[PDB]
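Each reported figure results from applying straightforward, stated rules to the coordinates on display, with no laboratory input. Quick reminder, even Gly has a Cβ in these numbers, built from the backbone with ideal geometry, and neighbours come from all protein chains shown.
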Amino acid sequence: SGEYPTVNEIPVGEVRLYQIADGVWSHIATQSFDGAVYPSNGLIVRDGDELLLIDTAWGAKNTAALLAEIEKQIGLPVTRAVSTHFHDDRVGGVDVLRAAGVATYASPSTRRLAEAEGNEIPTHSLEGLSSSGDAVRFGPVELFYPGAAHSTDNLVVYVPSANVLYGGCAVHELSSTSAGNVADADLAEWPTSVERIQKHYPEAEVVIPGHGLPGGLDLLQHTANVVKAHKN
Ligand SMILES: C[C@@H](c1cccc2c(-c3ccc(CS(C)(=O)=O)c(F)c3)c(C(=O)O)[nH]c12)n1cc(CNS(=O)(=O)CCN)nn1
Ligand SMILES: [Zn+2]
Ligand SMILES: [Zn+2]
């Protein structure tokens with residue numbers, strides 16, 4: 001009823017939306033993985049009379065529920081989606097999106113890694129993001145490649161109209177005391193990549209992690225702190 005939703009308000013298979021700013025929402029869903037349940041976030045950004053989606057809802061059925069929740073709560077069509085890295089919490093549901101008429105995008109690096117892993121594969125390649133510090137415009141957002149962090153391909157997303165920074169899984173929530181799922185991470189490079197984010201988006205007012213509660217710019221330093229402690 002107004003607070004940012006958590007697993008306890010989200011059974012696996014339901015999706016909730018949360019208004020971040022004018023024309024900016026996060027989507028929250030839950031999924032089971034290796035016998036434990038986790039929340040995950042994505043983003044929705046108004047693009048005139050259309051919507052841009054950032055990341056799936058972690059699974060085909062969750063992503064179908066996401067589209068249904070968007071129709072219920074917003075009522076504008078999702079025309080494009082960007083996946084910010086290759087794991088299932090970002091691309092699982094791309095097939096559902098593609099069958100719903102959504103054009104799906106990711107960097108070539110994400111597409112290659114998704115294909116190699118057996119995950120669903122966005123249709124279109126996002127060029128211009130292969131070097132750390134690269135940025136490109138995509139509808140109402142800027143996509144930024146900070147360097148290797150949670151994964152080698154992770155992208156972050158900035159909504160300049162609202163100073164909203166969606167860090168994806170390269171950014172952790174303030175309550176975290178570990179670095180999450182680090183199987184594909186570069187713990188040595190991650191702090192440098194976070195520093196690049198901090199330098200590029202110093203005016204960010206809301207920072208949204210890939211999992212957990214949004215906050216302010218402090219999430220960036222906190223992430224560097226937990227990653228460094230994990231590496232150690
Ligand atoms: C789907 C995704 C994934 C699944 C389950 C959990 C996560 C997590 C995660 C996020 C937060 C916490 C709480 S916290 C900051 O306090 O720790 C946490 F405890 C874990 C992440 C992530 O951090 O963003 N991602 C999660 N995933 C898959 C792979 C590679 N697959 S693999 O089977 O593991 C190795 C085989 N190659 N990596 N990530
Ligand atoms: Zn991941
Ligand atoms: Zn993640």
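Restricting the calculation to Cα atoms, every distinct pair contributes to the Kirkwood radius of segment 7-231, found to be 17.0 Å. Dividing the mean sequence gap of close Cα pairs (under 8 Å, 6+ apart) by how many residues the chain holds gives a relative contact order of 14 percent. Each principal axis of segment 122-166 carries a Cα extent, and these read 28, 23, 17 Å when sorted largest first.
Here segment 165-184 is scanned for amide nitrogen atoms under 15 Å from the site 7 Å beyond the Cα of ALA229 along Cα-to-Cβ, giving 172-180. Kirkwood radius for segment 42-172, taken over all pairs of different Cα atoms as the inverse mean of 1/r, rounds to 14.4 Å.
Taking segment 161-205 on its own, what percent of its Cα-Cα pair distances exceed 16 Å?
44
With both labels modelled 7 Å from their Cα along Cα-to-Cβ, the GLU195 to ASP134 distance reads 2.2 nm. The peptide list 169-177, 122-130, 6-14, put in order of mean Cβ contacts within 10 Å with the highest first, becomes 169-177, 122-130, 6-14. Taking a point 7 angstrom from the Cα of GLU203 along the C-beta vector, which residues in segment 139-165 have backbone N less than 12 Å away? Output list for this probe position: 159-164.
Nothing charged except the Cβ atoms of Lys and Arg (+1) and of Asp and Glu (-1): what's the magnitude of the dipole of the chain about its Cα centre? Round to the nearest 20 debye. Before the final figure, lay out each step's value.
Details: 14 positive and 29 negative charges, 30 e Å.
The calculation lands at about 140 debye.
Estimated from helical segments only, the mean residue ellipticity of the chain at 222 nm is -7500 deg cm²/dmol, where each DSSP H run of four or more residues counts as -39500 (n - 2.57).
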